[PDB]
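Chemist: in the first instance, please consider these chains from the complex; the rest will follow:
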Amino acid sequence: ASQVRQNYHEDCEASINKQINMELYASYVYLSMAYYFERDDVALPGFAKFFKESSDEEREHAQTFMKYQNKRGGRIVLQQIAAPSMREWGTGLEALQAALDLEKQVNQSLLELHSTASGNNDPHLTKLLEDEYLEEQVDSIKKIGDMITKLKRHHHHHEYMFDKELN
Amino acid sequence: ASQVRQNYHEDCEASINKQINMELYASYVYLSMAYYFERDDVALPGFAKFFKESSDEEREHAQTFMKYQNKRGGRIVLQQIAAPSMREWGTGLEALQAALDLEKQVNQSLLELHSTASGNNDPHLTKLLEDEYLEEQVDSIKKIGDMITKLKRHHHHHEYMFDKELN
Amino acid sequence: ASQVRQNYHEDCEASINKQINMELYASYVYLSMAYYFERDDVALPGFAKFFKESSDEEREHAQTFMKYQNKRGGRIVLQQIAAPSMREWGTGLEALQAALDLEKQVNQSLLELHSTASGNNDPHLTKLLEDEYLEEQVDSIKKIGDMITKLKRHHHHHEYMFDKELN
């Protein structure tokens, strides 16, 4: 194996490559959303900017894991990247609900990666997860939750005024 | 329940709430020491600034935990803040000695929360305590321990000189 | 008593202590509110911030009174700080209504404290109440009343827009 590899379990090496794929798929979804709210019959620039930023940060997530793979001497495996779930994301409100669920789904995967890393006594990897993914996951889920509470109060008039505060 | 809650055990929720009350209780004790060192018959302006700053940090500890209750999607439930042990704190040394004892009692309970957090595999909350509370506790216990040594020396003139250090 | 004490009747000394408790219990109420309006299921950052500031300002009324007690040679006597009524304030309009009433409870005590100081021919203490307390109380009550008038115009879409004017 690699000259730098030390205390690096192959089960961890492999969940990193599975997680990179999930980070990228999450990137693709926020990209689909981002430009959907830019359609002439949707015209929500606030929501569109928020989901463009989400897709960039999901891209950054994936890069930080590929950098990590190489740091420990593992070898990236990247699969295909599935097409997003849906493609018509409905209201801004249904988009945020979709995103809330996708961000909880990623946190479940990151809490699993953490347990797999604790179970192999990889305290470097648990440090990575705590300091760069667990805290970003909890803050974002709270961010989105806050937004869905503001935006559940029906009219299209309300979405548009909420949108402007996003922008 | 909550739209953000994920992997936050109800025992962690409950022990965050006891700990909000305990931090505020510490604020109240230090606040009492602060102003007692301002009595015209005590008039040590260095201990007064030290304990008033201590009182302030203890309220940030509590608020950081209340912020945290809400990030994870638990409910803040506040309780009555007991009045301090004393209102007359004796000497600066005897107040330091009581400071040190209560920072030590705050750390025992923070480490108990870390033990609850671990047992419920909540890495998000063990990281909160490691980075935000356990290093501040140790450093405080050590600064207070250092000053107790400098002051321990008996004399009234030595204390008024140590006091100007802390101004 | 004290080397400094002069024309400071003990009923005023004792009322200043009971007033310190009320102010500190007023702080606790507002801090409750402050972090309630930060819950993901509430998400009114403007209200939250208004109650944070109020909570901080009640803590300072308390410190001024404790500074004052020491200035006049009386002795601070701290007691327990009760937890609020209910920690679920409901809407912002309902919280503000609780605040209006709380500010009037503290105005009525402050005015009683001022009659005690007048009855006992303490003009230094009348002057403290007039300058440092009664004016903030009438400013605060009026502001709150102004805000309630604005907010009574029942849907949750109005509240979000008022919450931004306050942010």
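Modeler: Yes, it's here. Residues are numbered from 1 along each chain as shown, chains lettered A, B, ... in the order given.
Chemist: what parts of chain A come near chain B?
Modeler: Chain A comes close to chain B at residues A:100, A:104, A:107-108, A:111, A:114-115, A:118, A:126, A:129-131, A:134-135, A:138-139, A:141-142, A:145, A:148, as judged by CB under 8 Å from any CB of the partner chain. Heads up, the C-betas are built off the backbone N, CA and C, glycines and all.
Chemist: could you pick out the buried ones from those?
Modeler: Neighbour-count burial (16 or more other CB atoms under 10 Å in any protein chain shown) is assigned, among these, to A:100, A:104, A:107, A:111, A:114, A:118, A:126, A:129-130, A:134-135, A:138, A:141-142, A:145, A:148.
Chemist: which of these fall in helices?
Modeler: Secondary structure from DSSP state H places A:100, A:104, A:107, A:111, A:114, A:118, A:126, A:129, A:135, A:138, A:141-142, A:145, A:148 of these in helices.
Chemist: now the two most distant members of those.
Modeler: A:118 and A:148 (32.3 Å; CB to CB).
Chemist: coming back round to it: show me which of the ones in helices among the buried ones among the residues of chain A next to chain B is closest to chain C.
Modeler: Here the nearest of these to chain C, counting by CB to the nearest CB, is residue A:145; it sits at 3.8 Å.
Chemist: if I look at that closest one, how far off is residue B:22?
Modeler: Note on residue A:145: its distance to residue B:22, by CB to CB, to the nearest Å, is 28 Å.
Chemist: what do you get for residue A:78?
Modeler: 49 Å.
Chemist: returning to that earlier point: among the residues of chain A next to chain B, which ones lie close to chain C?
Modeler: Among these, chain C is touched by A:142, A:145 when using CB under 8 Å from any CB.
Chemist: which bits of chain A sit near chain C?
Modeler: Proximity of chain A to chain C (CB under 8 Å from any CB) is limited to residues A:142, A:145-147, A:149-150, A:153, A:155, A:157-158, A:161-162, A:165.
Chemist: following sequence is chain D, place it on the structure:
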Amino acid sequence: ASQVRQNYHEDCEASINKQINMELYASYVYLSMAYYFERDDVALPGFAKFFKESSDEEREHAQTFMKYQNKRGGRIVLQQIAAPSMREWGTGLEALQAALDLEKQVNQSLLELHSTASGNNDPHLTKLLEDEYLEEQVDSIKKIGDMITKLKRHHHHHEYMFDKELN
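Modeler: Adding chain D to the chains above:
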């Protein structure tokens, strides 16, 4: 259909959607090269930076096309992004040669899109392809051809110095 749609053939709409998936795929391939040249057993810091910017520029080729799909009032349709042809990319020169090939396959699809645009009398779309795509690919093919020539002249001391020019 869309209230903005004018003179936008559905074949061109479909070819933009196909081309979006090709820009993204090129993004992914350049992402694999980028991070493969940062392996501890490859460690070519310049080749890696060159492909990072390539990967990023491909991503923005795709977002222009999706930006454009909406201007003309078509509907973005994204599909799976295939995994890159490889995982190892060999020497820096082999990665360029694969990138010479790849940019040429993109230029070929771009030029076919132009012919579709021309046959369906879309001068707005021919304009876009001429002004935002066709010139960057001729310019990129020439840059890469130049580098291949420099690097060809087998020994591996020479490759590390070429990386030097690249960082």
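Chemist: which residue, neighbours along the chain excluded, lies closest to the residue of chain A found nearest chain D?
Modeler: At 4.1 Å from chain D, residue A:81 is the closest residue in chain A, using CB to the nearest CB. In this structure, residue A:81 finds its nearest non-sequential neighbour in residue D:81, 4.1 Å apart by CB to CB, 6 or more residues apart in numbering or on different chains.
Chemist: list the contacts for that neighbour?
Modeler: A:28, A:80, A:81, D:21, D:24, D:25, D:28 (CB atoms under 8 Å, 6 or more residues apart in numbering or on different chains).
Chemist: could you do residue A:103 as well?
Modeler: Per CB under 8 Å, 6+ apart, neighbours of residue A:103: A:137, A:140, A:141, A:144.
Chemist: ditto for residue A:6
Modeler: Contacts for residue A:6 were tallied using CB under 8 Å, 6+ apart; they are residue A:73.
Chemist: and it, that one's in a helix?
Modeler: No - counting by DSSP: H, G, I helix; E, B strand; the rest coil, residue A:6 is not found in a helix; it is coil.
Chemist: any idea how far it lies from residue A:116?
Modeler: Residue A:6 sits 18 Å away from residue A:116, taking CB to CB as the criterion.
Chemist: could you do residue A:122 as well?
Modeler: The gap separating residue A:122 from residue A:116 is 8 Å, by CB to CB.
Chemist: residues contacting residue A:121?
Modeler: By CB under 8 Å, 6+ apart, the contact list for residue A:121 reads residue A:7.
Chemist: measure it to residue A:7 for me?
Modeler: 7 Å.
Chemist: kindly report the same for residue A:128.
Modeler: Distance from residue A:128 to residue A:7, counting by CB to CB: 13 Å.
Chemist: build in chain E:
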Amino acid sequence: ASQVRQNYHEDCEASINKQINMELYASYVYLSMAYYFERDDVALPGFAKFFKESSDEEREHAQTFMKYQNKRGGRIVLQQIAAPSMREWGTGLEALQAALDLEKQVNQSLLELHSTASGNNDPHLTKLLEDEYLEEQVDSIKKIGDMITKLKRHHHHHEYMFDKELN
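Modeler: The block that follows adds chain E to the chains above:
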């Protein structure tokens, strides 16, 4: 023991001392290297400077551990610092290979020290190892590996050019 000591098991106290010795012996190795590469018959200023910095950084890992021991109320126990293996490292590639292996010896102890702290439920000490030591160790090991990969391209003319990139 100490007025400050709390939840600091004596096996961790003793391991911190043995770790201080290792770090200080790691400093000695690098200082040897540093001035070897400055001999007139060697004359690799870049290598020399790299090993000077490394030597200085090992001295600081040692100081942090001695600061830490005092923070937790244990007692520093210093012992002799062995002279290196051989003081003739030969080529730069051979020195770097010795450094890679040394950094992995210190990584394996640091990871053992971290299992000791975990076994003894010291989360303050796990946190110190994670933040302050394990991350530098994986960065350092990977860097060294990267440098060895670059340098294996056997003639002494390559080495001089790599030595300048490092200068």
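Chemist: chain E added, so what about the contacts of residue A:121 now?
Modeler: Contacts for residue A:121 were tallied using CB under 8 Å, 6+ apart; they are A:7, E:111, E:115.
Chemist: recalculate using a threshold of 7 Å.
Modeler: Listed by CB atoms under 7 Å, 6 or more residues apart in numbering or on different chains, the contact partners of residue A:121 are residue E:115.
Chemist: state the helix or strand in which it lies.
Modeler: Counting by DSSP states H and E, no helix or strand carries residue A:121.
Chemist: measure it to residue E:123 for me?
Modeler: Residue A:121 sits 15 Å away from residue E:123, going by CB to CB.
Chemist: repeat for residue A:34
Modeler: Distance of residue A:34 to residue E:123, given as CB to CB: 41 Å.
Chemist: what of residue A:138?
Modeler: Distance from residue A:138 to residue E:123, by CB to CB: 19 Å.
Chemist: which phi and psi does residue A:81 have?
Modeler: phi -120, psi 110 (degrees, to the nearest 10).
Chemist: tell me which parts of chain A are close to chain E?
Modeler: By CB under 7 Å from any CB of the partner chain, the residues of chain A that approach chain E are A:3, A:4, A:6, A:7, A:71, A:72, A:121, A:123, A:124, A:127.
Chemist: who are the neighbours in contact with the residue lying closest to residue A:9 once chain neighbours are set aside?
Modeler: Sequence neighbours aside, residue A:120 is the residue nearest to residue A:9 in space, at 4.1 Å (criterion: CB to CB, 6+ apart). Residue A:120 is in contact with A:9, A:11, A:12, counting by CB under 7 Å, 6+ apart.
Chemist: out of the residues of chain A next to chain E, who's nearest chain B?
Modeler: residue A:127 (8.8 Å).
Chemist: leaving out chain neighbours, which residue sits closest to the closest one?
Modeler: Distances taken as CB to CB, 6+ apart place residue E:130 nearest to residue A:127, at 4.2 Å, with adjacent residues excluded.
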